[PDB]
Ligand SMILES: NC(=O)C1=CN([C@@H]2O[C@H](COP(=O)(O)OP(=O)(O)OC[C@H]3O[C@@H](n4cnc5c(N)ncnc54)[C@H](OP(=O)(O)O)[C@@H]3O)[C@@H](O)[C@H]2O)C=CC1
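In the form deposited without the named molecule, a lone chain appears below as structure tokens.
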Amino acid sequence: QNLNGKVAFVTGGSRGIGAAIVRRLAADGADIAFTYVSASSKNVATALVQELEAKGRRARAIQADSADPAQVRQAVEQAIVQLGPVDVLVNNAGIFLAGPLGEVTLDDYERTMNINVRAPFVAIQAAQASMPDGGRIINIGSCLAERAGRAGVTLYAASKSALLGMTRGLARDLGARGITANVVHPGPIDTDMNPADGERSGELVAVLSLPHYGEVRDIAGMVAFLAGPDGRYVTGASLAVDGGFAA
């Protein structure tokens, strides 16, 4: 189909938005290697791999802690050996550590920056050299990267807005080869980590233009759009899928 000849790599693909991305990209004919962080995620990752192979798509699951740069890098290396150079890189893994500014610890800072910033940069450093002409790099951001609407998200918004400059710099670095680099900014999304039924869901919905949480298919649809033929001229852009949070 659209992605028939392409190889995709998705960090954190065993669940949530990452699972929706691997399903959409596989349904478009890409082979996908994806990572899972916890050993508890291993069985579901193997189940998802068996799921894709029962539809004729090739799939690989590689454990890799997002906090460990060596594991992220060697996971990308293993994917390359098994599937060939990746055409579509999706930096999906991230963590949301929030709270009062005076209680933030160096452990909070280090984990947030290692996962939300360093891991996408390491995967890009490992993938970019062999990336074929016309490749796609797709970072996953947040609506909080552009607007911190409330107190308590300073550390997280800083880590996500770091992706804005990295993505714009990557578009200049790789554009001569036809490789695009874009960042997608989810608004509130109904996941295990952020249920739409939560007590704070109403406070979030009130500041949206569309009065409801989004779904993982919205993020996966934007990622598939950037991965495919219609995204070939989109690069260096920040693309909100936020329900009008910024409007």
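Numbering starts at 1 and follows the sequence shown.
There is another form of the same protein, the form deposited with the named molecule bound; it is not shown, and what comes next is about it.
So the named molecule isn't shown here. In the deposited bound form, which residue out of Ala181, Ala64, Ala33, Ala26 has a non-hydrogen atom within 4.5 Å of it?
Only one listed residue qualifies here, and that residue is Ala64.
Please run the contact check for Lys160 against the named molecule in the deposited bound form: heavy atoms, 4.5 angstroms, yes or no?
Looking in the deposited bound form, residue contacts with the named molecule include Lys160, since a heavy atom lies within 4.5 Å.
Non-hydrogen atom contact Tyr156 with the named molecule in the deposited bound form at 4.5 angstroms:
Within the cut-off, so yes.
Can you tell me whether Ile140 touches the named molecule? I mean in the deposited bound form, with a 4.5 angstroms heavy atom cut-off.
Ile140: contacts the named molecule in the deposited bound form.
Is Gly228 close to the named molecule in the deposited bound form, meaning a heavy atom pair under 4.5 Å apart or at it?
Contact with the named molecule, no.
Going by heavy atoms within 4.5 Å, which of 121 to 129, 102 to 110, 81 to 89, 140 to 148 lines up against the named molecule in the deposited bound form?
Result for this chain: 140 to 148.
Hey, which residues along 90 to 112 are within 4.5 angstroms of the named molecule in the deposited bound form, non-hydrogen atoms only?
Stretch hits, in order: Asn92, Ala93, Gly94.
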